[PDB]
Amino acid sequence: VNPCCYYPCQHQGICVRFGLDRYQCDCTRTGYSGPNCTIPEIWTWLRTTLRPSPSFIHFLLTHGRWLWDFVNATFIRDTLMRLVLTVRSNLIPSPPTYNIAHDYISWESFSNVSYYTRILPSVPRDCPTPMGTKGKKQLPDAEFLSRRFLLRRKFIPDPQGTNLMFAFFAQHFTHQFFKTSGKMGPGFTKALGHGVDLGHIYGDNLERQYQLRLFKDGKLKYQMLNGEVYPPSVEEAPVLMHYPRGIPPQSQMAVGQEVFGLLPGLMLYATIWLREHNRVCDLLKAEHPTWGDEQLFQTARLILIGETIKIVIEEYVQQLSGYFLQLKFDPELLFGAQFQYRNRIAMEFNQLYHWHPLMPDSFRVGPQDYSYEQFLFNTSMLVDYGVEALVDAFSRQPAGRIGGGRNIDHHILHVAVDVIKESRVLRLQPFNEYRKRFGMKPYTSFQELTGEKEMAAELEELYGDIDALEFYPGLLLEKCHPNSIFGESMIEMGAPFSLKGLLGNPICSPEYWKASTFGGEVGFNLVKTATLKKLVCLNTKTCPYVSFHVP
């Protein structure tokens, strides 16, 4: 049997097949040596035994407000943010390594941007079991697994107070770098760009971008409805949008991300961001009357990218982490560090981000309560209520807890079923292997994974061995931190991907992070002081309750 099926190499060592039945582990720079990269070097040992557990650190970060309030007002804040940024980032290979086609470094994997990368190589196709060596010959039925442990019975709100304003932002934001190609199959993406390029606003290709642009003042095409600004119709912006057959072009809104017409929440943000882009163009023109359409457009896009990163780190991730430490977006924090300003979306990151539990049982907008059937392909709700109204409603309605299990609404449970199926097609390694790859000890049992006994027992019977537990199911069923939105794994694995994706952007490099890049001091400050509240309120007639936290 293939010796690499036993995942012999530890601590990022690379398993290579040699001869007919042998294997060797390349422990280069792993900090370890030995046949399996398990014998540590002195420093590797100190470091690993002095490192407190993720749970302990989480505790420190979510307690002692008074002490943190002091720390947040000093340079210690920066010192810690830089620490967070570098330690989380180093866990992500850069340049990227493997893809669905190559379980080894190759020029094709490096240059071929249509591929999602992957942190761990796949489970060799010739292993005795689907997960490698452990588990049963056949994995649990995806549907059953989903109905049994992910289906929502009673809506469980997020203890951290996360609202739908956050949920939809999450969806909107991620769908700019998660666009799995149906034509090329899993493992492939149309979101070339691999990060925060705002392609869900400008399009993932030039032609579409040009069709969305006004080519006047660097602005984006738009239309007026009830005296408000909204994305233009597909009639005025002949772009491909995924709308149900039967919906005429003049009733479709053209935005950048083909799938956004499928949710008011999504089109809401599409509208907000579009309004903001045109707004920045105005400010820019005031500063540079000699500039043409291109430069105004390009420069505005850069400002919005900056705004997006700012809001995501300081407000989105802040809300999501619940830390008392004040997260900070300051590219300069890495100017003295070794860091590659590039990023490549990993398939695991795609899986991990399927936060469908966040969606509610229904959508409350004022006195009205809308059902999934009234909400999903609604082409009028956004215009009927307008931006302010929806922002207020979404900011007030709690979102469901992500981890813990049994919390995905039946209307969208099919997505989880497909994520599990894709996982197997992608031949993703077992959850415990990913635990190790991200610095955690593997779970020794299901009862340790879940903080209980009922589900644990059933999972053990189904999977047969904790070492067979799959990636996504593991993330969603892992016991949550005290009163947190999800378990440690989601953070320990999710943070590295996110932070590398945010800071890995070229505008965060010494070369780009200059006032001139954003049209001058005025443009630079729009980035440096971006805010969710300002994003909405500087573009709406009135200012509603806007936040990622429920009131």
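If you superpose the two forms and keep the largest set of C-alpha atoms that fall within 1.5 Å, you have the rigid core. Don't overthink the numbering: it's just position in the shown sequence, from 1.
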Comparing against the shown form in 5 other deposited structures of this protein, which stretch has the larger RMS C-alpha deviation after a rigid core superposition, 43-51 or 486-494?
43-51
With the rigid core as the fit anchor, does 475-483 or 387-395 show bigger C-alpha shifts in 5 other deposited structures of this protein?
475-483
Looking only at CA atoms, which has the higher mean B factor in the entry: 424-432 or 402-410?
402-410
Quick check: 57-65 versus 521-529, which has the larger average CA B-factor in the record?
57-65
The residue of 343, 162, 250, 111 with the maximal C-alpha B-factor according to the PDB record is 250
Residue selected from 442, 261, 124, 96 by maximal Cα B factor
261
State the tercile, meaning the lowest, middle or highest third, of residue 199 with respect to the CA B-factors recorded for its chain.
lowest
Relative to the other modelled residues of the same chain, rank the CA B-factor of residue 299 and answer lowest, middle or highest third.
lowest
Cα B factor band for residue 287 (lowest, middle or highest third within the chain):
highest
In terms of the CA temperature factor given in the entry, to which third of its chain does residue 315 belong: lowest, middle or highest?
lowest
Residue 36, C-alpha B-factor rank within chain (lowest, middle or highest third):
middle
